[PDB]
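> experimental structure and sequence below.
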Amino acid sequence: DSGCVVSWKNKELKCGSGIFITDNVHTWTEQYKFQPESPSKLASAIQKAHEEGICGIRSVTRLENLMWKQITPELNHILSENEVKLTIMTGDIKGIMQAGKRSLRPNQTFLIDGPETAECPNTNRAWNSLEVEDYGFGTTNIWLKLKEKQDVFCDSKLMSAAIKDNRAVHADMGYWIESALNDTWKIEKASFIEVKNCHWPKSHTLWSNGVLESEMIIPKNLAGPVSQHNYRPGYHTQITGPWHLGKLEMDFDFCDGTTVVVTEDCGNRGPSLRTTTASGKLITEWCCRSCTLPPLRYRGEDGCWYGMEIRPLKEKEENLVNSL
Amino acid sequence: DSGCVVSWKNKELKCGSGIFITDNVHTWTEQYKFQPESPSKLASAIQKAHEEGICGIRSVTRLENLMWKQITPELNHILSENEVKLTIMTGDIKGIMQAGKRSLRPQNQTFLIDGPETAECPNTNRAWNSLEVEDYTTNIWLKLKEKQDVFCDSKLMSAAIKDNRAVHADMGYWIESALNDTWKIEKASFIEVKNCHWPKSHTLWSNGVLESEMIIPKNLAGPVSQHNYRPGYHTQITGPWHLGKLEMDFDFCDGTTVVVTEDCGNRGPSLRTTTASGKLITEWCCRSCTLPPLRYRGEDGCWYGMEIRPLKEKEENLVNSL
Amino acid sequence: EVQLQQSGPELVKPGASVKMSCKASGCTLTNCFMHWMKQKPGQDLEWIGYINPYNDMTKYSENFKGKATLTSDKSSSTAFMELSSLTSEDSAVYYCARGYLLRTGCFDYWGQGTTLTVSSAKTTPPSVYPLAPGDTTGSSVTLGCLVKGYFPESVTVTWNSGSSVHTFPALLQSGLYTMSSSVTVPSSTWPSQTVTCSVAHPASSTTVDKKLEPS
Amino acid sequence: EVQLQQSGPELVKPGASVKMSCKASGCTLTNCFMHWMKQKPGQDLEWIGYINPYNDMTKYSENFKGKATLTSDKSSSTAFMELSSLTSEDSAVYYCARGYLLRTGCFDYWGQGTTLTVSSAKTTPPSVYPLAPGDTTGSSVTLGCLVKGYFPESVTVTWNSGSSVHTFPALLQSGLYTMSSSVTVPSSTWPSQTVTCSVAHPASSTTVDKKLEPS
Amino acid sequence: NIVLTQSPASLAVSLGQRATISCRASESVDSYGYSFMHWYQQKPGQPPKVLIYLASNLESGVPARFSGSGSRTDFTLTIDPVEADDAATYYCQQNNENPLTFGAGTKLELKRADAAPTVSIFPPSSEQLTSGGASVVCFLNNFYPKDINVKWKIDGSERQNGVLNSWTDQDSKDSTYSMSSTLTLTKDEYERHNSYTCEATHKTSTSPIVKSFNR
Amino acid sequence: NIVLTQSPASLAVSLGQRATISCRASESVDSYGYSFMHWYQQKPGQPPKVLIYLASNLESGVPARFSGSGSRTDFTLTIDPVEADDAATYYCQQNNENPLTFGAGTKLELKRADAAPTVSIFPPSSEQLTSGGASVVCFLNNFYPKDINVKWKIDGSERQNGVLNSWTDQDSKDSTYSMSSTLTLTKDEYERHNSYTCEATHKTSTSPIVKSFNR
Ligand SMILES: *[C@@H]1O[C@H](CO)[C@@H](O)[C@H](O)[C@H]1NC(C)=O
Ligand SMILES: *[C@@H]1O[C@H](CO)[C@@H](O)[C@H](O)[C@H]1NC(C)=O
């Protein structure tokens, strides 16, 4: 990669060659789109899956879901032409991209994504069966093919990492995690368009030694990088964060109009609560037992949420909306 | 960092904001310069050091030595006005930047900066790794350190990985690894060779690593990383690191051929393909290495990895790295 | 608690634009999402969007993305909505109301509503005629006022500022509005007492009082 | 073995540039580093650098980085050296020689050397005058040739292509060169035999033979 | 979008009875264990007011005779006992997913014991007769049911021209209706005929209620 | 840089003796257990030739009378026994670190038994006398030692003007020297005087050797 770059904060301009990690989350238009190299191979593998008792699939990344949306008419047409009464329908995205325990391999219905269901549970859904082939140019194409081995690791050709000027970034098609050295190394910002259920490969992870899963801010089961850049003093794993938001913005600052104090009188850590009740009233006074300020906050399409260790000071938790 | 970039191999152009890890080794002119924030502070620390029995210092990075070259006149004169009869003289750089076991402290006598080794002023009484970066032909401002440790300054290190191409980078290192069927190291470029430890904070894939499999040794600022790995090779402890500046890759040395046989000799110090008299040794082997052969190229020719031995030639006639 | 005050009525020519306001007293930063709704006379309400004066968070519905524009003034704590190219389908009442984010709250408090009439007709103040009965009398007499020939709607008819009152919807005749208002008071009081009907038409900024006297 | 052939002599005006060549026969890829050296008449040699015609590996010394430019042609297996802005300090003999890398080998074979003269003087071919003795004679007679008034150096004076011969260094007079050459042969042979002195001046591309006859 | 369908479109209920309205969503409005559904009451000419927030929470300061229930797609509002104040339109609304959507509405009409209309007849004003036009007005006040037909007799000839009629909203106090009948003519037309008559046929009596006057 | 200093600057040695030259480096030329030092012989007008490569290796095809020794900074070239061919300049060179550097050089001169100069006198040529100038030449051949002074007598008057002399290199065969003395005048000046004389005073005899001629 060769070119030029201007740093506003550093106040300089730099040209040369090397590696450029772009922020593919706060992009204004869809820079990348998934497409399969052979839709017919996909139809063949879906035949084989449905015959074996696989009733559907769950996408790992959001772009995979959009690809299934773009491709479903032609998949059903190639299926109809190939003499097999099986109808494919793909739905929308919930919060977390939940994982399935089955996989594809290289009247009746076939449900891709959508909401949860008992007729076709995740136990019989295929998941993480696509990997990247090559690239298009100009937007940008990403060609997908069927995976030769089934594992729980996110596709490594989509991941990226970088660190410079004591600012570190772990990035993805749907993640953007910034950490910084201010007296100590800690996570500072995180941006999500998706929330997936794969594992972040350690091959693309900075500072991946001597890491406790119980200290990872972003949980390992939610594609959290196993990294000491995934630390923040005073906080533990945010297992019950508002990850159901699907798209959200985590940082360390006060929720608008609220104030957090550190006391022993505070309640213990539990599922994340939102600063506005179901009726719209604002809960102003919050606390935490042994966390460190500024407070861990999430912001999503329905308001401001707090970290697991931040509870309401005076208000009863029953009136508040929680993420369970 | 915001801007645009074109990739020759990937055949695309991309704009946006993020992090840009540049190759500050293959630059044609000096992109960065070392300067002290307070030369008088440095003079104070050098006085304070000489009182403690410190006869000199050894630089960690090459830019530190070049800074000492540019800075020594004023250090000697600020010393002269404060009338301490101590003269600072700085020499050139050997191969490896050997470490010293003393250190400075913030706030007919002689003070030798770098040059070759000597028993009159050994490394036991030389200062080493006492500077850290404060802030920023871009300038870099330096100040006095706080704690004595064996880690390279983390404000200078960088790492990156994208499109299954990984880079660990520095003011003087550039280490490229790549995914071709498996993850392994592919290229390495050195302008300096230092003796500090690469902090794992700036290291990709730093879990489950055996140091004995790290290609670039940990004691030579080798990143503790599975990207610091090549199948069939172990740590290159006795590589031609005394060259100081060199270029490691995986290819045949010009005019030579390496074969894989179990009859080959065991791994030892690195040998170079040309004898002292200029004869080329053509046939080489290795016991359990994987081709292409690990090769170094330096100011005096092509050398081979520790596990690459001469097939027929006797090792006594060959140049070795000890 | 949270008091909402919307702008006055508007009469706008087709294809032009109108910008109406909503000031919010008693608000806080974290609530105070001014939502905007479009209601034709006696029809279903449409959701346009919301804006937060302090946050400048704005969200539009798909039907109104090209039509409406939400802006805000922090110090005034005021929301502004503008309606691009105007058509007859836009003549309606636009309501400003406090709400919250997506899965948050209900429409707690409401403004009074801004009436917008999109036409080439020109603001015409009304004529006010009193209505009194030499006939039979009982322990109750009813009086009235006829408000005729005004545009646009509406008018407000108050009787002595405070008895049983009936207000009649305006009707369209030849492109102007005609309505009436009747009140019933004991006949022992009238015409010994004085009774005045007050008609207010804001769009022409006219007020007309008429004292009730017998024929 | 490895045969080196360098270009001919050069006369160049001040400030101009010259590009000389060196062809290498008998080379291999792994050796064949053409090194270049600058030697003023009877002074220490200076190392300029080296180039490999097959590798295009080039290295310059610090003193010549702005001065010299090394180029190569693989098919011709030839090295070229160019000398940028030329000054009187550059008038000297430039030697091409086979070598190796840094701590590798010695200067095995050498070319014959290219003479460069930096001046505004114009090439002038020499005058050749014979030198013969009616006097006393012995069992040996010596004859000579005077080469006068030429620029630039040098000339080559051969006697019958193959006796004892003496060649005298040229001297500068009024901006041109004058040298002489003497040979001794038995007087029983002369003037019964014929003897010819051949003076070659390449820079003027002139060759002059002079037959020796007695006064 | 989530489409709310309300049943019935309009409802007539007697004093003290039980009123039930239903709201049917096209998609589930349930999230976080709560039903994001709300019921609002709108008096005419007034902003809507909250009664039930969420599926089954009584709004503060709302009479406990209101109640809400339901989940997922189906919800129900109950009024028991409905009283004279509750003559208004009732809407359901959801805020589970954007865009926020309303129901079409249910207009509640009160049933009471039938009542006869108080008829009053009014000649054109003195100010009106001078401006070039004349309108004779008849007020029909406080009757039930709402349906009624009026008859104008001018000099014994029925009149069917230029007559405009307007109905009021059901009064919140006595649950009755009213109506204004307006005869619009030119000034001269009024003076060509002498006797004017207003006649109402209602459910109360088979023989119409009449009120008349002469010049 | 590594500076090579050679001692002595110039050396004179007799046939069959032992010759020792020394080379002193400013920095160690030793690396990898080897000494990167080389000795070259340069005949005049010729490219240099390798004798010892590394400290102590005889170059292939070089007579075994040459030998090298030393290490680190100090090195020595030994010739035993030195013979008539070895009259040449001898250089040391290092290639341990850039830039490659040479010694200043040692010019070797042979000592032999003294010998008298063969003097020959030559009048101006017939071709020269016609072109406007006249040069009388004297050749002094095969004498030793090198030091000598010549004396021109024209008609008994000594002549000290316009005389140019050139010495040759020591001959590789007999180890003697030669010299050319040239008297340059205008054409007319030659004819004003009749008798010409060349006189050489050498270490061989106290009485000068004379050769003369007349027109
Ligand atoms: C660093 O920490 C200090 C602690 O008080 C805080 O005030 C400051 O804003 C922080 N700076 C950054 C860049 O995070
Ligand atoms: C990748 O590996 C294959 C098989 O070993 C080899 O043929 C190919 O050249 C490699 N490509 C690289 C190293 O770019």
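Sure, I can see it. Numbering: from 1, shown residues only, chains lettered A, B, ... in the order given. Ligands and ions are numbered 1, 2, ... in the order given.
> residue numbers of chain E in contact with chain B?
Contact residues, chain E versus chain B (C-beta under 8 Å from any C-beta of the partner chain): none. Placement of C-beta: from N, CA and C, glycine included.
> residue of chain E closest to chain D, please.
residue E:98 (66.0 Å; C-beta to the nearest C-beta).
> same check on chain C?
Closest point on chain C to chain D, by C-beta to the nearest C-beta, is residue C:56, at 60.9 Å.
> let's verify the closest residue to that residue other than its chain neighbours: helix, strand, or coil?
Using C-beta to C-beta, 6 or more residues apart in numbering or on different chains and skipping residues adjacent in sequence, the residue nearest residue C:56 is residue C:72, 5.7 Å away. Under DSSP: H, G, I helix; E, B strand; the rest coil, residue C:72 falls in the strand class.
> sorry, back to before: contacting residues for the residue of chain E closest to chain D?
Counting by C-beta atoms under 8 Å, 6 or more residues apart in numbering or on different chains, residue E:98 touches C:59, C:61, C:102.
> redo that, cut-off 10 Å
The neighbourhood of residue E:98, defined by C-beta atoms under 10 Å, 6 or more residues apart in numbering or on different chains, consists of A:301, C:47, C:49, C:59-62, C:101-102, E:1-2.
> next, it: phi, psi?
Residue E:98 adopts backbone torsions of phi -70, psi 140, taken as degrees, to the nearest 10.
> repeat for the one 10 residues further on
Torsion angles at residue E:108 (phi, psi; degrees, to the nearest 10) stand at phi -90, psi 130.
> pull the number of nearby residues for the residue lying closest to it once chain neighbours are set aside.
In this structure, residue E:108 finds its nearest non-sequential neighbour in residue E:11, 5.3 Å apart by C-beta to C-beta, 6+ apart. The local packing of residue E:11 (other C-beta atoms under 10 Å in any protein chain shown) involves 16 other residues.
> list the neighbouring strands of the one helix or strand residue E:11 maps to plus their orientation.
Secondary-structure element containing residue E:11, defined by DSSP states H and E: strand E:10-14. Sheet pairing here is set by DSSP bridges, and for strand E:10-14 it gives strand E:106-111 (parallel).
> can you give the distance from the strand it pairs with to the centre of its chain?
Offset of strand E:106-111 from its chain centre (C-alpha atoms, centre = their mean, to the nearest Å): 8 Å.
> now do the buried residues in that strand.
For strand E:106-111, a neighbour-count test (16 or more other C-beta atoms under 10 Å in any protein chain shown) marks E:106-110 as buried.
> determine the next helix or strand in the C-terminal direction from it.
Following strand E:106-111 in sequence order, the next helix or strand is strand E:118-122 (DSSP H and E).
> buried residues, that following strand. List them.
Neighbour counts over strand E:118-122 (16+ other C-beta under 10 Å) mark E:118-122 as buried.
> look up phi and psi at residue A:164.
Backbone geometry at residue A:164, expressed as degrees, to the nearest 10, gives phi -170, psi 150.
> nearest residue to it in space, please, no chain neighbours.
With sequence-adjacent residues excluded and distances taken as C-beta to C-beta, 6+ apart, residue A:164 is closest to residue B:158, at 4.5 Å.
> for residue A:40, give me its contacts.
Residue A:40 makes contacts with A:74-75, A:78, A:81-82, as judged by C-beta under 10 Å, 6+ apart.
> quick check: residue E:56 vs residue E:66, distance?
Using C-beta to C-beta, to the nearest Å, residue E:56 is found at 11 Å from residue E:66.
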